[PDB]
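S.K.: My sequence and its experimental structure, below.
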Amino acid sequence: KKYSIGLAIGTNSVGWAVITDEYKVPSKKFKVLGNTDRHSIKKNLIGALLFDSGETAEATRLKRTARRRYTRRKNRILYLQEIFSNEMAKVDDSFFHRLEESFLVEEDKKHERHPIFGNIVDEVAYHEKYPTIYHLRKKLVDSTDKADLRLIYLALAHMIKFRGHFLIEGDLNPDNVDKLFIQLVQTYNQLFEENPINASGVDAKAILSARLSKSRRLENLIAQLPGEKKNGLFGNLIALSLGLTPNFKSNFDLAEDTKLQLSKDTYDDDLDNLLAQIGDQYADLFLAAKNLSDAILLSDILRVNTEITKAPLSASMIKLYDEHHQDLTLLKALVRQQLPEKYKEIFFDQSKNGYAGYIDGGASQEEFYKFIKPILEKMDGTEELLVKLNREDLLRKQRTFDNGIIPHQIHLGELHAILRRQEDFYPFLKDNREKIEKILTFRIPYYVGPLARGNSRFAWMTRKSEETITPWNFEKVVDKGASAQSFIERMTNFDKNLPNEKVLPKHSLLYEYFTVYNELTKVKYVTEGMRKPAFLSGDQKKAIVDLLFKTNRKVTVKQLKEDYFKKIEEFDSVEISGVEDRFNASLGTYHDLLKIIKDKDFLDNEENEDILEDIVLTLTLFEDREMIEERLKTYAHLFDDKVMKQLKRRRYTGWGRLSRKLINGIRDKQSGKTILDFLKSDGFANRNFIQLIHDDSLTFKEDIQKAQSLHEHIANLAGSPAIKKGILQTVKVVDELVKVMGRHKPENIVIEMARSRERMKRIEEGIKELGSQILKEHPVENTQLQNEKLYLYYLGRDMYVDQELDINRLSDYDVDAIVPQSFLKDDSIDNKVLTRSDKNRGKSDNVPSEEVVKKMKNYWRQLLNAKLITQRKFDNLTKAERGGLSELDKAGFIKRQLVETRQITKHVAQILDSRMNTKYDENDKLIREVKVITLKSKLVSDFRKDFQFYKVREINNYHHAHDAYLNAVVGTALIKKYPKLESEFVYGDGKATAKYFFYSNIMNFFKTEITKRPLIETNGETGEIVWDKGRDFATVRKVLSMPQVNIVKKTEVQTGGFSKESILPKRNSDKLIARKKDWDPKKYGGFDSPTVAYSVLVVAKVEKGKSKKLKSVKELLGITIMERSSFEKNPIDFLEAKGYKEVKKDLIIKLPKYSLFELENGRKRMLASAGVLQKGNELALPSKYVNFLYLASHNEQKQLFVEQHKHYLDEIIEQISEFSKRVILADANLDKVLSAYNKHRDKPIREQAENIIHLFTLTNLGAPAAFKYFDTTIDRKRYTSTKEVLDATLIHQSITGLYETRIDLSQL
RNA sequence: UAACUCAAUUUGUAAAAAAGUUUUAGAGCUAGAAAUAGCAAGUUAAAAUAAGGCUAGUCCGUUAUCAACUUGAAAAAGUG
DNA sequence: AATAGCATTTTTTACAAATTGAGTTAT
DNA sequence: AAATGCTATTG
């Protein structure tokens, strides 16, 4: 017979259902393979498939890239040791050996146990002399004394091993705050007597370098400068000091929007363009700002002078040490005096987050400071210690989270010192001073990637030499350019219309030309004389470009109607019917090159344009000046420096969507003009790009089609890989159902798809940039930012009257949606305006009145600049003053509310339709045997709420299956009752408020009570009956009442990390796992808690007693992710090695996670691991009870059904008890559930329902979970033994579950 | 459906950084047969950071994909 | 069996591709 | 961001 398919596609569940003609889902009696009593079983063709969320590639990428860093840092140290090799031997036989075995216990050590000197006395003395590595570093930088070759390696290696960041370009130097601010002032002063600025020199070191941020410290630095805008030149010179990218366009009235970034590798190149345009006399402004900006950077990383020591970092680290030494000594005597009884807790007990916990225990700085703060202020004579603790400067370590600020510049400055000292004493240091710096310096560029040799899936570089790559021969042995090119060319699109070809760059002239002449051709004009607006003159367009478009970047219709009509075609008033504002397509690259080339002869002529295409392609391709430099040398012979050196200055972003071939090249023989040249003159047709292709008169739409894997297809979908998993299983589900129907494709298919830590870092960052005074009466809670009344008030200034909404008034203050809930159903937040009242926003029957937009738009551009909300929020917000949600704007919001427009879903549709519709007809046209209907995600949600088919998720997993049914129902109906919409829902080929009245009344044809609808609703053409509100509305009721629903959970081998990542200390346990072959976890610790990949059923024997008497056994052994590859290679040896004797190789059942077992009384179990099970049972509460628990939780007429038919409780609790006692088996907890029910019967009607919905966690399928029953938590009763399963009935489901092989595990 | 303009999320890749943790090294001191007392110290470093693998690279090693049965190296097909 | 503690973090630069949602043009 | 299989301890 005929049938359809419904599908409910989520990230964790594909729901599926089959309906026949009478909206009925058939049963069907499938075989049962295996060795059980059952040969057969009748299942309904409804069900779901559950599965664990698919995951993104980020965690593996972060770890993969982290592992590339570790193996490099190692070779970074190896490069150093290789240098020191031959000379170190002469000093110490095996110094490098003693380091490499540092970690080994004394018992397994080959050399002395003291790594540095190889005996006790020297080593003890080394530490006594230089208590921190920084001491040695400093002393090696200052002292001129010939140093020990081992202490030189140990300073160099420390500087190389942890070498700080590569964020800042160029060479900053410790040249530094107030005495460099005076130089900026005196520079800006003696450039400008006439505009004078002064502040003397007192409070400079603080107002910049205070407790608060860097951006808000410009407001307390620059606003102190009375009669200067901080957004002027001297501000923008203090702006560069903090670390901004200002644009000095206005300041020196320069036409080009010149922007300078100080850390950028482009700044010295960006310095030349501003001085050569402003003069050389203004150099001392930048060359005195970079001094102060340096200061700004160093001022937070180092607390020393540079006048005494040439190692200001290492020195500054010693300073922290000595303060750490003093502050300790003091706090030692201060405890011995006032609280000598609490000395143990603070200095001896590691456990408590005291000092003793701070050092030898796991107490961080933040944790330690939070436990001493109340003991400081109590104990008098600790004034500075609180000042330190409140400045984060109390008892610092030299190795701390906030060492991230130190750039490699600072460490290289010291590494250079040491070498410059000891080369005088060591010949190999003098010769290799280049190499030893370069090991610190060199840094594989991101546009090269893994230095691989055809064995890295991810790599892409090109090898110029095949020899090994070192930091010193890199540019010799790697083709950096070619690699740098391939980095981009392996990601940018091909031409859709010609897949073999590659898209041109978004700023290519030949492209730029095409964009305009496609937008220009359709511009129609009307004057005083003309009677029907005439389209643009094919012949005359070449002037409109040369006159208006080649002249400026932006072409204005206002600057195109006024300039052209009035000065070209003696035309008074100019009305433009094609476009009314600024043109989208600009020739900007023509006006961008014409300023730099200063030749409209070369440009405009274009007798050879192929040279200029490379130039602009190179500017888009690379971002490194160094890369761009060489690449542009090919065309230096035509231009001097100022013409070919400002071309390294120009940089371009983006790629085009169309190739060069298509645009200019692929022509027609009949035509004899390209798509660009045909756009420039099409006579009296002036046809478009989309025209030019598809016009059957032209040969293009053929050429394109004629010149033009499930996993690949699904992979290629743009969408969360989490949804890409539901999509693949959907297609498998479908593939299987079709086979169940004797390989007979369906009539239709209906698809459907659903939709604190982030806050903390976003709010803190925002609170650092804002200057809000949050904290004054807004204490911190890391979690409670998910409070929506708290997140939207804050985001202390209320929206309606532009005042301050109170905390009690923030609960009473309304929250309006940006657009009424009728136009767009969107998450409350990104349209989440809270007003004093709704009566401020205006009429709810459209978008807010112009009056409030006229009123507040001047403030709406003060938070768009602050970037609080997207600019598309301000488009609708300002749409009252722009236009206003018209009766077409509303009809389109009410049409898209039911029609799926999301691209993922369309593809799901394209994929499914393509797979069903394979056969063709007489005239090469496709046969559409199966119709795929995409339905939005609120038809059924309404259909259920409207017609008493309510959903309660908590009860069981049927909702996903039920939805795929309803989705099938509505889908076949809305296609029967409106067949004209098979171009709107199906995949394949005042009147605005009348399209609205269609869309918004489409679903009313189900009803019976609108203000009188007929009983049998029919077709608007055929005599086909489509909905029989008498019969069909009780078949739907019937289906949701069906208790046997096919629920299946994907069986999945586990992948990912070997174990928990925590490196635990040494311990006596076989649960520890060695981090390294010869690293006995008795001695060295390791990991525990490995993830098992899958279990296997071993049937074999094990030796018993000293007799080695084989005793037979049958148990589950967990093959861990790390074990796995070993066990698969040779399962017998792996298992024999485990102690198993005479393994039955035929009986080794592979058991991945979620394997279902049927035990007795239909009690079912899913193995979660070798030694824990989870609830494999699903409870079907009858439909009667479901609708009760929804209303009981929660127009007037069905309320009475709650009070009446009440006490559905007593019978619910029962069904739960009868289930919990049969399959769950959590005696104590079911006795606490009952015991807590009976003592809450005097609690309201709703409350008892709200806790029964909490009760289903007990009976829910999957892992036991804790849950509350009123004010009584109920700890999870887990299943921590698989013994029972070993003699149960392993069930092998098919993806639907309709096919089963059941194996009774009474093997042995 | 296509190009176009403007501004948000999602996905994928590469290059870098700072910590954390683990063992060792940094002679603890007296008093006591010992348990235990008193006190002195404490900030640093080396090395490991998936076990590892062969393709031996300054590469690869945590994504995706997985009922059963028969057939296939696999992909996949066939089976009610 | 009931019971309880446990889980590696954070930061920067560079690029590409779709999507979504406000506009002009056309098939 | 929880959520849930390890780990160990208990009478």
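M.R.: That came through fine. Numbering: from 1, shown residues only, chains lettered A, B, ... in the order given.
S.K.: how about the residues of the stretch 601-750 of chain A near DNA strand C?
M.R.: Counting by CB under 7 Å from any atom of the strand, the positions of the stretch 601-750 of chain A adjacent to DNA strand C are A:620, A:623, A:653-655, A:687-688, A:690-691, A:694, A:717-718. C-betas here are computed from N, CA, C, even on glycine.
S.K.: Swap in 10 Å and give it another go.
M.R.: Residues of the stretch 601-750 of chain A found near DNA strand C (CB under 10 Å from any atom of the strand) are A:620-624, A:651-657, A:685-696, A:701, A:716-719.
S.K.: ok, and the closest non-adjacent residue to the residue of the stretch 751-900 of chain A found nearest RNA strand B?
M.R.: Among the residues of the stretch 751-900 of chain A, residue A:871 lies closest to RNA strand B, at 3.1 Å counting by CB to the nearest atom of the strand. Distance criterion CB to CB, 6 or more residues apart in numbering; nearest residue to residue A:871, sequence neighbours excluded, is residue A:864 at 5.8 Å.
S.K.: how much space between that neighbour and residue A:870?
M.R.: 9 Å (CB to CB, to the nearest Å).
S.K.: Could you tell me how far the nearest residue to residue A:221 once chain neighbours are set aside is located from residue A:225?
M.R.: Spatial nearest neighbour of residue A:221, chain neighbours left out: residue A:207 (4.7 Å); criterion: CB to CB, 6+ apart. For residue A:207, the distance to residue A:225 equals 11 Å [CB to CB].
S.K.: same question, residue A:1244
M.R.: Taking CB to CB, one finds residue A:1244 at 65 Å from residue A:225.
S.K.: quick one, which of those two is more surrounded?
M.R.: More neighbours surround residue A:225 than the other of residue A:1244 and residue A:225, with 17 against 9 (other CB atoms under 10 Å).
S.K.: I'd guessed the more buried one sits against residue A:197; true?
M.R.: Yes. In this structure, residue A:225 is within contact of residue A:197 by CB atoms under 8 Å, at 6.3 Å.
S.K.: between these two, what contacts are shared?
M.R.: Common contacts of residue A:225 and residue A:197 (CB atoms under 8 Å, 6 or more residues apart in numbering): residue A:234.
S.K.: contacting residues around residue A:1137?
M.R.: Per CB under 8 Å, 6+ apart, neighbours of residue A:1137: none.
S.K.: how close does it sit to residue A:249?
M.R.: For residue A:1137, the distance to residue A:249 - CB to CB - is 75 Å.
S.K.: Is residue A:882 in contact with residue A:875, as I believe?
M.R.: Yes. Applying CB under 8 Å, one finds residue A:882 in contact with residue A:875, separated by 7.2 Å.
S.K.: out of the two, which sits in the busier spot?
M.R.: residue A:882 (14 against 10).
S.K.: how many other residues sit next to residue A:62?
M.R.: 10.
S.K.: Over to the one 4 residues further on?
M.R.: Around residue A:66 sit 9 other residues, with neighbours defined as other CB under 10 Å.
S.K.: give me the element it is part of.
M.R.: Element membership for residue A:66 (DSSP states H and E) is helix A:58-91.
S.K.: and that helix with DNA strand C, contact?
M.R.: Yes. Residues of helix A:58-91 contacting DNA strand C under CB under 10 Å from any atom of the strand: A:59, A:61-63, A:65-66, A:69-70.
S.K.: Tell me how chain A divides into domains.
M.R.: Per automatic domain parsing, the domain ranges recorded for chain A read A:3-51+A:721-751, A:58-166+A:408-457, A:178-301, A:312-403, A:492-706, A:787-895, A:903-957+A:965-1046, A:1173-1287.
S.K.: Could I get those domains in a markdown table, plus columns for distance to DNA strand D?
M.R.: As requested, these are exported to a markdown table (distance: least, CB to the nearest atom of the strand, whole Å):
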| stretch | distance to DNA strand D |
| --- | --- |
| domain A:3-51+A:721-751 | 11 |
| domain A:58-166+A:408-457 | 8 |
| domain A:178-301 | 25 |
| domain A:312-403 | 16 |
| domain A:492-706 | 33 |
| domain A:787-895 | 13 |
| domain A:903-957+A:965-1046 | 12 |
| domain A:1173-1287 | 4 |
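S.K.: Check these for me and report the most buried one.
M.R.: Highest mean neighbour count among the domains of chain A (mean count of other CB atoms under 10 Å): domain A:3-51+A:721-751, with a mean of 19.
S.K.: What's the end-to-end length of that one?
M.R.: This stretch, domain A:3-51+A:721-751, spans 15 Å end to end (CA to CA, to the nearest Å).
S.K.: wait, does it make contact with RNA strand B?
M.R.: Yes. Using CB under 10 Å from any atom of the strand, domain A:3-51+A:721-751 reaches RNA strand B at A:28-34, A:39-41, A:49, A:51, A:721-729, A:731-732, A:735-736, A:739-740, A:742-743.
S.K.: Inside strands: which ones of these?
M.R.: Judged by DSSP state E, these include A:29-31, A:33-34, A:40-41, A:49 as members of strands.
S.K.: Redo the residues you listed as a markdown table? Include distance to residue A:475.
M.R.: Output for these, formatted as a markdown table (distance: CB to CB, whole Å):
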| residue | distance to residue A:475 |
| --- | --- |
| A:29 | 74 |
| A:30 | 68 |
| A:31 | 69 |
| A:33 | 66 |
| A:34 | 67 |
| A:40 | 74 |
| A:41 | 71 |
| A:49 | 55 |
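S.K.: Specify which member of those residues is nearest to residue A:17.
M.R.: residue A:49 (12.2 Å; CB to CB).
S.K.: The closest one: what's it in contact with?
M.R.: A:13-14, A:16, A:729, A:733, A:1048-1050, A:1295-1296.
S.K.: can you give me the helices for the stretch 251-400 of chain A?
M.R.: Using DSSP state H, counting those that start in this stretch, the helices of the stretch 251-400 of chain A run over residues A:267-278, A:283-301, A:312-338, A:343-347, A:355-359, A:365-378, A:383-389.
S.K.: Determine which of those approaches residue A:78 most closely.
M.R.: Between residue A:78 and these, the shortest gap by CB to CB is with helix A:312-338, which sits at 24.4 Å.
S.K.: chain center to the closest one: distance?
M.R.: A distance of 44 Å separates the centroid of the chain from that of helix A:312-338, by CA atoms, centre = their mean, to the nearest Å.
S.K.: Which elements pack onto the helix holding residue A:66?
M.R.: The contact analysis (3 or more CB pairs under 8 Å, 6 or more residues apart in numbering; DSSP states H and E) places helix A:58-91 against helix A:95-100, helix A:149-161, helix A:427-441.
S.K.: Does the second one reach RNA strand B?
M.R.: Yes. Counting by CB under 10 Å from any atom of the strand, contacts between helix A:149-161 and RNA strand B involve A:153-161.
S.K.: which other helices and strands contact the next helix or strand after that helix?
M.R.: Per DSSP H and E, the first helix or strand lying C-terminal to helix A:149-161 is helix A:178-191. Contacts defined by 3+ CB pairs under 8 Å, 6+ apart place helix A:178-191 against helix A:204-207, helix A:233-242, helix A:283-301.
S.K.: Check the secondary structure at the most far-flung residue of chain A relative to its centre for me.
M.R.: Centroid-distance maximum for chain A: residue A:1107 at 60.8 Å, with CA atoms, centre = their mean. Three-state call for residue A:1107 (DSSP: H, G, I helix; E, B strand; the rest coil): coil.
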